[PDB]
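An overview of the molecular structure
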Amino acid sequence: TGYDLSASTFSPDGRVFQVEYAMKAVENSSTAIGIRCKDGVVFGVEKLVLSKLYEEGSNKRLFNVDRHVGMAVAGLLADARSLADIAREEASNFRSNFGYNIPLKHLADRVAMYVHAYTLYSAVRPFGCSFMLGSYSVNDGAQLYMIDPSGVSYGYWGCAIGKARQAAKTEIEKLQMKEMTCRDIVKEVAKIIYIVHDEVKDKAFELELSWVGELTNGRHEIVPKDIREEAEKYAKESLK
Amino acid sequence: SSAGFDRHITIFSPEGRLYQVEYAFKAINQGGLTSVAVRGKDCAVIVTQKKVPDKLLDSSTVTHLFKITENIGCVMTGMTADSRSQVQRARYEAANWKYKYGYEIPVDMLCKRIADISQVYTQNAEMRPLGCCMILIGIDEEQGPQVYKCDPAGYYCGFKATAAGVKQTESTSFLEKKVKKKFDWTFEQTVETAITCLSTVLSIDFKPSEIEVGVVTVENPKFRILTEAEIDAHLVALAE
Amino acid sequence: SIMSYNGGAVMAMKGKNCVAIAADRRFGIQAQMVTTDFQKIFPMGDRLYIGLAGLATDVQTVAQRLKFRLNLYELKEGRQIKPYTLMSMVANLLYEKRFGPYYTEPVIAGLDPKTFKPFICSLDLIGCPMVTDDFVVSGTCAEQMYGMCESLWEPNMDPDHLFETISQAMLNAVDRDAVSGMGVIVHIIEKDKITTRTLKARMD
Amino acid sequence: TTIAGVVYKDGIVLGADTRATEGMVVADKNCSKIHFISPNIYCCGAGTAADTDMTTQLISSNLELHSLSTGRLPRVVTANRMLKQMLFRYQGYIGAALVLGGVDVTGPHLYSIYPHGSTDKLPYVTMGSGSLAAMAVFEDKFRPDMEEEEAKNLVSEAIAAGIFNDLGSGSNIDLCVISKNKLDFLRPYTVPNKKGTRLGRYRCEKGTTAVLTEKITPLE
Amino acid sequence: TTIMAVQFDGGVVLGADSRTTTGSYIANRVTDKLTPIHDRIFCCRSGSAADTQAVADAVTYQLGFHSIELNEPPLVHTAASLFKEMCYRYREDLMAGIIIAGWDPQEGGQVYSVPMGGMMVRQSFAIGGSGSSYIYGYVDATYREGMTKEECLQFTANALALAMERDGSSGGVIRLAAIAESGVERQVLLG
Amino acid sequence: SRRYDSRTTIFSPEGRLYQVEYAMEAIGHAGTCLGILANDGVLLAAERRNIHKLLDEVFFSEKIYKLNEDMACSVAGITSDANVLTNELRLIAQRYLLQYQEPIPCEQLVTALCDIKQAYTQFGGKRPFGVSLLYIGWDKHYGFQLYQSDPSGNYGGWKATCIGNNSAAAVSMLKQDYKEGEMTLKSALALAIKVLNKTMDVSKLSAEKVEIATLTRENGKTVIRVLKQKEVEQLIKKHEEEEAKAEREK
Amino acid sequence: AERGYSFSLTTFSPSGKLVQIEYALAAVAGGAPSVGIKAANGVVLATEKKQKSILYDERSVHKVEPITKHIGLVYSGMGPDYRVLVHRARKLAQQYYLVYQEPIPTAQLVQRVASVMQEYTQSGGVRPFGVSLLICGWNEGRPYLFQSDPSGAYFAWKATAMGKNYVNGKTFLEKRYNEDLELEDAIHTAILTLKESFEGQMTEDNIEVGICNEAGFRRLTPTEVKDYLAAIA
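Residues numbered from 1 in each chain as written, not as in the entry; some residues may be left out. Chains lettered and ligands numbered in written order. Part of a larger assembly, values for the part shown. Heavy atoms only, no water. Residues with missing side-chain atoms left out of burial classes, pairs and counts.

Remarks on the overall build of chain F
A count of helices and strands for chain F gives six helices and ten strands. The C-alpha radius of gyration of chain F comes to 19 Å, within 12% of the 18 Å expected for a compact globule of 250 residues. With the C-alpha coordinates of chain F rotated into their principal frame, the extents come out at 65 × 45 × 40 Å. The long-range fraction of contacts in chain F, counting pairs at least 24 apart against all pairs at least 6 apart in sequence, stands at 60%. (Helix = DSSP H or I, 4+ residues; strand = E, 2+ residues; numbered from the N terminus. Rg over C-alpha atoms; globule rule 2.2 N^0.38 Å. Contact = heavy atoms within 4.5 Å.)

Looking at the side chain of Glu231 of chain F
Residues and elements named next belong to chain F. Relative to the helices and strands, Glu231 resides in helix α6 (residues 230-246). Residue classification places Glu231 among the buried residues on the basis of a relative accessible area of 17%. In this structure the side chain of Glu231 is engaged in a polar contact, spanning 3.0 Å, whose partner is the side chain of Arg225. Leaving out residues up to four positions away in the same chain, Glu231 has contacts with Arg225 and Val226. (Buried < 20%, exposed > 50% of the residue type's maximum accessible area, 1.4 Å probe, protein only. Polar contact = N/O pair within 3.5 Å; in protein donor to acceptor, adjacent residues only side chain to side chain.)

Points about the interface of chain F and chain G
Between chain F and chain G, the residue contacts involve 27 residues of the former and 34 residues of the latter. Here chain F meets chain G over a buried area of about 2,700 Å², counting both sides, of which 61% is carbon and sulfur. The interface formed by chain F and chain G contains ten residue pairs in polar contact. Listing elements by their share of the side of chain F that touches chain G, those giving two or more residues are α1 (18-28) and α2 (79-100) of chain F. Grouping the amino acids of the side of chain F that touches chain G by side-chain chemistry returns twelve nonpolar, nine polar and six charged. (Buried area = accessible area lost by both parts, 1.4 Å probe. Nonpolar A, V, L, I, M, F, W, Y, C, P; charged D, E, K, R; others polar.)

Here we look at the sheet that holds strand β2 (residues 43-48) of chain B
Residue and element names in this part refer to chain B. Pairing is antiparallel in the open sheet, where three strands are placed in the order β1-β2-β7. Lying at the two open borders of the sheet, with one neighbouring strand each, are β1 (36-39) and β7 (212-217). Averaged over all pairs of adjacent strands, the angle between strand axes in this sheet comes to 15 degrees, irrespective of strand direction. Sheet topology note: the β2/β7 ladder contains six bridges and is antiparallel. For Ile46, the partnering residue across the bridge sits in β7 and is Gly214. Its contacts with the sheet put helix α5 (residues 187-199) on β1, β2 and β7, and the angle it makes with β2 is roughly 30 degrees. (Pairing = 2+ DSSP bridges. Axes fitted to C-alpha atoms, helices over the stretch in contact; angles between N-to-C directions.)

Remarks on the environment of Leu134 of chain F
Residues and elements named next belong to chain F. In this fold, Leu134 is placed in strand β4 (residues 132-135). Given a relative accessible area of 6%, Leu134 falls into the buried group. It is 25 Å that separates the C-alpha atoms of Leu134 and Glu233, two residues lying 99 residues apart in sequence. Setting aside its immediate chain neighbours within four residues, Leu134 contacts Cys33, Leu34, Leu44, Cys73, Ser74, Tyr147, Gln148 and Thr161.

What about the environment of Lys178 of chain A?
Looking at the element boundaries, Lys178 of chain A is found in the loop between β8 (158-161) and α4 (185-195). Separated by 138 residues in the primary sequence, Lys178 of chain A and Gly40 of chain A have C-alpha atoms spaced 9.3 Å apart.

What about the arrangement of the chains?
One finds no contact linking chain A with chain C; the least C-alpha distance across the pair is 36 Å. Taking C-alpha atoms as the reference, chain E and chain G come no closer than 26 Å and do not contact one another.

What to know about unusual backbone geometry
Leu53 of chain A follows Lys52 of chain A through a cis peptide bond whose omega is -10 degrees. Considering the arrangement of structural elements, one finds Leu53 of chain A in the loop between β2 (40-49) and β3 (62-63). With a phi close to 65 degrees, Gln166 of chain A is a non-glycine residue in the positive phi region. Checked against the element boundaries, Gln166 of chain A lands in the loop between β8 and α4. A positive phi angle, near 55 degrees, is found at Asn71 of chain E, a position not held by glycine.

Section: the UniProt feature "active site" in chain D
Residues and elements named next belong to chain D. Per the UniProt annotation, the sites labelled "active site" are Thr1. Its place among the elements puts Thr1 in the segment before β1 (2-7). Discounting chain neighbours no more than four positions away, the residues touching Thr1 are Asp17, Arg19, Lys33, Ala46, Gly47, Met127, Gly128, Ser129, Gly130, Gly168 and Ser169. (UniProt positions renumbered as here; feature names shortened; annotations may be inferred.)

With respect to the nonpolar core
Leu86 and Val90 of chain C together with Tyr82 of chain G are the most contacted members of the largest nonpolar core, which has 68 residues in total. The residues contacting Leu86 of chain C, other than those within four sequence positions of it, are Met44, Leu48, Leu66, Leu70, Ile81 and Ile108 of chain C. (Core = buried A, V, L, I, M, F, W, Y, C linked by side-chain atoms within 4.5 Å.)

Re the interface of chain D and chain C
Listed by partner, the interface residues are 33 residues for chain D and 35 residues for chain C. It is strand β13 (residues 211-218) of chain D that contributes the most residues to the side of chain D that touches chain C, eight residues altogether. In this structure, strand β12 (residues 193-199) of chain C lies alongside β13 of chain D, joined through seven bridges in antiparallel fashion. Across the sheet, the residue bridging to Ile194 of chain C is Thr217 of chain D, located in β13 of chain D.

What to know about the pairing of strand β10 (residues 124-128) of chain D
Residue and element names in this part refer to chain D. Across the five residues that make up β10, a large majority, four, are buried. Sheet topology places β1 next to β10; five bridges connect them, and they run antiparallel. Its bridge partner lying in β10, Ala4 is registered against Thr126.

A look at the packing of aromatic side chains
Counting across every chain of the model gives 34 aromatic pairs over all chains. Here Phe5 of chain B and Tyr4 of chain F contribute two aromatic rings whose centre-to-centre distance is 6.0 Å and whose plane-to-plane angle is 75 degrees, an arrangement assigned as edge-to-face. On the criterion of chain membership, the pair formed by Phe5 of chain B in the segment before α1 (20-23) and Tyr4 of chain F in the segment before α1 is interchain, its members lying in two chains. We classify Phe5 of chain B as partly exposed; its relative accessible area is 39%. (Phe/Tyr/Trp six-rings, centres within 6.5 Å; stacked < 30°, edge-to-face > 60°.)

Observations concerning the sheet that holds strand β9 (residues 119-121) of chain D
Residue and element names in this part refer to chain D. Strand order in the open sheet formed by five strands is β5-β6-β7-β8-β9, with antiparallel pairing between adjacent strands. The two strands at the open ends of the sheet, each matched to only one other strand, are β5 (34-38) and β9. With strand direction ignored, the average angle separating the axes of adjacent strands in the sheet is 25 degrees. Bridge count for strand β6 (residues 41-44) against strand β7 (residues 98-104) is four bridges, and the pairing is antiparallel.

Considerations on helix α2 (residues 82-100) of chain G
Spanning 19 residues, α2 of chain G covers 27 Å between terminal C-alpha atoms, matching the ideal 27 Å at 1.5 Å per step. Considered for burial, the residues of α2 of chain G that qualify are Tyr82, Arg83, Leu85, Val86, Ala89, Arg90, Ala93, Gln94, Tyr96, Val99 and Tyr100 of chain G. Packed against the buried residues of α2 of chain G are α3 (110-123) of chain B, α2 (56-76) and α3 (83-94) of chain C, α1 (49-64) of chain D together with β3 (73-74) and α3 (106-122) of chain G. Positive backbone phi, approximately 55 degrees, marks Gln101 of chain G, located one or two places after α2 of chain G. (Expected span 1.5 Å × (residues − 1).)

Remarks on a nonpolar patch on the surface
Residues and elements named next belong to chain A. Taken together, the side chains of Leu50, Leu53 and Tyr54 make up a nonpolar region of the molecular surface, amounting to roughly 300 Å² of accessible area. Counting through the fold element by element, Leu50 comes out in the loop between β2 and β3. For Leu50, a relative accessible area of 65% puts it in the exposed group. (Patch = residues over 30% accessible without salt bridge, like charges linked within 9 Å, V, L, I, M, F, W, Y side chains within 5 Å. Areas by Shrake-Rupley, 256 points an atom, 1.4 Å probe, with all protein chains shown as cover. Salt bridge = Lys/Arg side-chain N within 4 Å of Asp/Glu carboxyl O.)

Here we look at the state of the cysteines
Residue and element names in this part refer to chain A. In total, this model carries one disulfide over all chains according to the counting rule given. Between the sulfur atoms of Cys37 and its disulfide partner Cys182 the distance amounts to 2.0 Å. Handedness of the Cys37-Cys182 disulfide follows from its S-S torsion of about 120 degrees: it is right-handed. With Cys37 in the loop between β1 (32-36) and β2 and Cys182 in the loop between β8 and α4, the pair connects residues that are 145 residues apart, well separated along the chain. The class of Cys37 is buried, set by a relative accessible area of 4%. (Disulfide = S-S within 2.5 Å.)

A look at the packing of α5 of chain B against helix α6 (residues 231-238) of chain B
All names here are of chain B. Direction vectors running N to C along α5 and α6 enclose 80 degrees, while the axes themselves pass 9 Å from each other. One finds that α5 runs roughly perpendicular with respect to α6. In this structure, α5 uses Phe187, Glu188, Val191, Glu192 and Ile195 to contact α6, whose residues at the interface are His234, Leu235 and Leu238. For the contact of α5 with α6, a count of residues per class yields five nonpolar, one polar and two charged. (Parallel < 35°, antiparallel > 145°, perpendicular 65-115°, else oblique.)

Focus on the side chain of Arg84 of chain B
Mapped onto the elements, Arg84 of chain B comes out in helix α2 (residues 80-100). Despite its burial, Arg84 of chain B pairs with no opposite charge; the closest candidate is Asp109 of chain A, at 5.5 Å N-O. Setting aside chain neighbours within four positions, we find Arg84 of chain B in contact with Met113, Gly151, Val152, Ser153 and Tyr154 of chain A. (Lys, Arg positive; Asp, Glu negative; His and termini not counted.)

In C-alpha cells, the structure reads:
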C-alpha cells in the first residue's frame, strides 16, 4: 500500500521495489548482448523494425566512450546517452590527470557508484539501463563486466539483456570462443541471432555488431558491413 | 501501530518502533550469503563463500574478499551493491589516518568513524539505509589480532568471534561452547573451527574453490590470502 | 607612531593586599590637546578595572565589545568576573583579526573574586597574554616607567606607601618629559573599599 | 630567545630561556616558552607568541580530537604530519621556529618546526636568536646518548651556552625531563643572571603630593 | 641540495647530499632527500623543503588511496603525472625540484625529471642541485650508456663529490639509494 | 512530498491557526505564574511542575530565570525550548547595550522576542515555541511595565495576567484586588501569599515548591531582591495571620 | 511547501503534547538501567552492561565515555546517534575552554548541549535522540549530577535512575540513599539499586561503576568492580 513510492524506503518483503521495476524495465527493450574472446571483446545490438521505421544506422545503442572501452546498452535510450556522457567525462578526467588508458575494472566501479547512488534517493529515480562493459589491452587483456540497475559491479565471460530469447548465447559454447582469434567470432555469433527471435513478434529486424581487441590494437569501432563482409555473409547461410 | 503516511517514509512510529530499518533484516536474504569470524591468540580467520549458478562466473571479479589496508582487510554480506559504496568509504578514512596519523589505524575505534558515516546514511532525510553489513579484522602492537563486525544501524560493534546475518545465528551457538569452557587457539585451530561452526548450520561440504577463507596472523603484519592451494589442505586436515 | 598618536601611559602597580592602576587624563591628537576629562580606564564587573593605552577608538571599541561578552558570561553563570576569564576574553577579541589587529595596550589589574589576593596582567595588541609578579607598565616612553619603578616598587607596600610612590613617580615624569601630562587618574582598590584619587599635573 | 634540546635513549630533555625582550628593553623577564602539547609531548616556543600560542592551542585542541579518536596515549607521528599539513596550507604566513619532541612507543623523537611547515627529524635541534651558540655544543659534542643522566647535562650545557654567549637570552635556565614513564618539568632550573642591589631608599613618603579629587567607594 | 638520478637496465640508482645550508649558516648537517612515496617509486627533492614535503605527502594521499584501491603494482609513470599536473598549475607559486626515478614491473627502471616549469620528460640520466653548474661538463663526459647497478654507485659518488666539495651549499655525508626488483637499498659513504 | 507535509504553518479551514490552537493548550497546562501592580517595586511568583521534593534544587532560580542582572523573566513552558529564547533575547538585550550603553527598554524587548517566535509560525513549517513568559523592568519614560508573550507571535502584555491553569479563585479576586499598587513591599507580597495558599492543588502553600523574586527600583543599581526561602516562610505565615485575621470579620 | 530540506516533523497533539519526542522516552524505558548518585565529595555512576551472547567481551566496548578528565557521564536507552552528540560535545566544550581558559563546569555542558539537543528535536527529517544523559563532574569545589531527557529538559537529582523500572529504582534511591554519604558508601547503594533489575549473575563485566572524584573523574577498571562487588554491595 504505497511502499513503492519513495525510492529511499524499503518494502514489506525487504527489498527495493524501485529496482524490481527497473530490472524488468530493461527486459522490455530490444536485445543487446556481449561476449569476450581471448584477445578481444565482442558487442552486439538488435534493431527492431515495425513499420519502416527510419534510416538504417540510426540511434544505434552501440557507443564508444573511450579508446579501449565501448558501450553495449539496453533499455531507455536517452538514459543511456546520459550515462554515455558521464562515462565520457569520467574518461576525460582520467586521460587528463593521468594520461593513459583507464582500466575497465575501476571504470565500471565509477559508474557502479553512480547508478547505485541514484537508486538511494527518492528525489532522483533509478536507472532503466543495463549495459555491458568490456575492453582489451596489451598490458591488461580482455575483460567483460555486467552492470545491473541495482548497482552490483561484476562480470562474466558473457551476458545477455534485452528481450528474453536468450537462445542466441546458447550456441556460443558449441563453437570455439577463447580459442578463436576473434575474427571469425563475429560471424559465428550471428547464426542463431537470425534464427531465434521469431518473425511472429516482429516481422523484420536489424543487427549491429562491434568489437575491440588486438586486431584493432586496442581501438574500438563498429565492424563495417563491407569489410570484412563475412559478418552477414556467413549469417545468411548458417540459418539451417 | 502506524498512522498516516509514516509507512511511506523513514521515521519513527506511533509506538516508537521502526519499519524501514527492520525491513533491512531480510535485505541480506536476497543475497543469501554467510560470513563467520573466528579469532585466535595471534591469529584471526574469516570464512565466506560464493554461489556459482553458471560456468561463466569469474573467480576474480565475483570474489567477495575486499582488502581495505595491506595490514587490515574486510568482508561484506547482503546485496553487494550497497557494500561497494561502503568499500571506498572504508578506504577513504583509512588513507586519512595513514596520511595524517601515520600508524596502524584505529584497530579498535575505527568502527566508530565508519558507523558515523553509516549513521549519516540512516540519518539522511530520504536516502537508502544501505543495509550492507561491514566486517573487519584488525592488527595492533602487542594487543594481538582484532575482529570487528559492524551493522548498518550506525553503531560500532566487534568482539573476539562474532557472526551475524541470515544463518549466522546458529553459527555463534557453537562458538559459545567451543571457545569456553577454557581453551587456547592456534593458527590451524581457528581455520578448522571456521567450518565446524558452520557445520552446525549447513556445510554442504563441496570443492573449496567456491568458499573463500580469510586469514590474518602475525608474522608479517600485512594481511593477505592464498589461492586455492593449502586452504584445501586445511580442509582435509580438520577431517581425519 | 601608532601608539604615540593619542599618547597616554597606563601604569598598574600591585601592593601587598591591594592593587593600584594609573592612567593619564590627556586626550589629544598628536601634540595638540582636545579635552582632559576623557576617561580611559573603565569599570568592569565588581572591584576590577582595565587600563588601555593606544588609539582612543580601540579604547572605546574594546571596552564596549568587552562589556558585551562580559555580561553574557556572567548571565549564563552567576559566579564571577574573574581576572583570568576577562584576560583571555580580550585576547580572543584581539585575535579576531590576525593581520588586521586593533592597536591597543590593554592592562587588566583586578582583585580575585574569591579572595583579596590581587592580580595584574598586560596583553599585547595582537592578543599575547603576559603576567608580572610586580607591576605592568604600558605607555609611550618605557625608559621612565621601567627605570623609576624598578628602583621604587618594593615587595611589601601598604596602600599608604603604594599611592605615594607612584604619585611622585608621575610628578617627576610629567614635569620633566613631554608626551604625557594634563592630569593622571589613579585607581587603588582593596578588599574593603575602592579608592580613586586624581594626581595633580601640569596644565601646559 | 633560545630553544634547544637533545634526545637520550629513554626520553628527551628540553629547555628554554625565561627572558622575552620586546625592543631594546626587556619585556617579560620570567617567561615559559615550553607549552603543553599533550601529556607525553612538549614543545618549545619562540618568535611571535600570540601566533604560536593560538596555534599550539588549536593544535592541541585538534590533537585532543586526534589522539583521543582511538585513545591509547599520544604518538608524535600524529602531531608530526599535522604540522607539515596545516602550516603549509597557509603557505607560511604565520611563524613558529619551534622544537618538537616526545616519547612514543617507538621511542623518543625530536623535530625542528619552521614557519614554512618543513620539519626535520634530528636528535638535536637549535632555534631562536641563540641558535648559533646552542648548536656549537650540540654539533661537535654529540654522542649516542648512552644512559639517561649525561644527556640531561648536555641540554643544560647547551642552554647555558646560549645564555652566556647570546645577549638575547638572559634570566633563568629551564629544564624539562620527558620520558616514557617519568615526566618532570623543573622551572626555573637555575638563575645565573642577577640584578644589582638598590643604592638606597628611594621611597617617597606621604605629604609631598597633593590630590585634586578623591573618591571612596566601600564594598561588601 | 645536489641530487642525482641514474637508471640501469633493471632499475634506477639515486643519490643526494646531506648538509643543507640556509644562507651562510647550515640548517641541517644530515638530511635524507629521498622521499618514500612507495617501495618502487622514489624521488629526489631540492630547494624549499616545505614545498617538497607537502606535495610528496599529497601524492602519497592521492595515489595511496588510488593504488590500494587498484590492488595493482605501483606504476611509476602515472605517479609522476600527478606531480606534472600539480607543479604545472602551481608553477607560479610552488617551486618544483622533484625528479621521479623508480623501477616499474611493466616499463622497467625509468627516470622522470620534473623541473620548476612542471614538464615531465624521460632521459637516460638526471641532474640537479645548485652545485651542479660546475659538474655539467663532468656529467656529460664520464657518463656511459648501459650502466650497471654496481658502477652506478661509483659514478653517482663521483658526481656528488665534485659538486659537494666545490660548491659551498652542498656538502656533508654522501648517501646513495639503489632501486631494483630486489627492493630498496641504501648506504652511507664518505670521502 | 506534498502529502507528507501536514500544513503546520498554513491555517485551518475554520479561520484559526491550526498549529497555534494546539500550542496554547500546553500553555493552559504546565507553567503557572502571576503578576500585579506594585509601587516602587515589582514581584513575581511561580509554582513548579518539578515540585517533587527529590530534586536537588541547586539551580537556584529555575522557573524564575534571570536574563540580566537588572531584569528577570518568569517562564511558563518547556525549559530547554525556552532556553533557546533566553540567551537569544539575552544577546538582543546585550547587543542593545553594545551600540547604546543604556538599559534595554521593556517595550521593544518583547516585540523583538515575539517576532522570533512568529518567524517559525509564518514560514519554514518549523515547530513554534509553546513558551509563554512574563516581563518585568523599569525605564526612565513609562516606569514599571508588565508584559506577556503569545505563541502566535503576539505580545500579550498587560498590567495583569492569568497563567496558566490554577489561581482561579484568586483570578476573580484580583479583579476585586484591582486597586493599583502599594508598598510596604511585604503587603503586596502578602496578597500574593493568599493566592498561593488558597488556590494551590495540595494547598498548604509549600515553600520549597515556589519561589518569589522581587525587583526593587534603585538608582542606579536597580537591586533585584531574590528571596532565600528563609524569609519566605515568615512571609507565608505573615499573611496566614492576616488571612486568619480576615476571617475574623464574618 | 518550500524545499524539502526536512522541515520540522514535530507537531502538537490536541492536548499540546509532543508526538515523536515522547516516543523517544519509550526507548529510554525500553533501554538498559543506568543509575547515578550525587553525595558529599563526588558523584558516583553505576551502569548496566550485559552480553547477549557468550562471545562478547566487555573489555573493548566501554559504556562510560567521559567528556573531560574531570567530567564523567553515562546514558540510557539507545549508540548510533549517541556518539554524534558525544563527539559534538567534545568540539563544543573547546570554545569555553579556549576562550575562558577553565575546566568548564557540568552546568555549562548542560546549558549548551540541551539547547542544541532541543534544537535537534525542533529540526525535522531526523529522529530525536532517544538517549537520556546523566551529566556529572566536579566544578568550583562542589560536584553536580544532572539528568537530561530526549526533550532537552534538565533536572538535578541526588540519586537518579533510568531505564526499565526507573520509577521503582527511584524510590529505592530515595529511601536507601538520603542526605549525603562517602563515595565508598555511594558505590554500595548504587550497585544495590542496579542489582534490582539485574539478572542473577553479577561479574566484573556485568556492571561498571564510574566515580567522579573532587580531583576529577577517574574511570574504575573491571578489577575494582569485581573487588567491591562480588558479593555485590
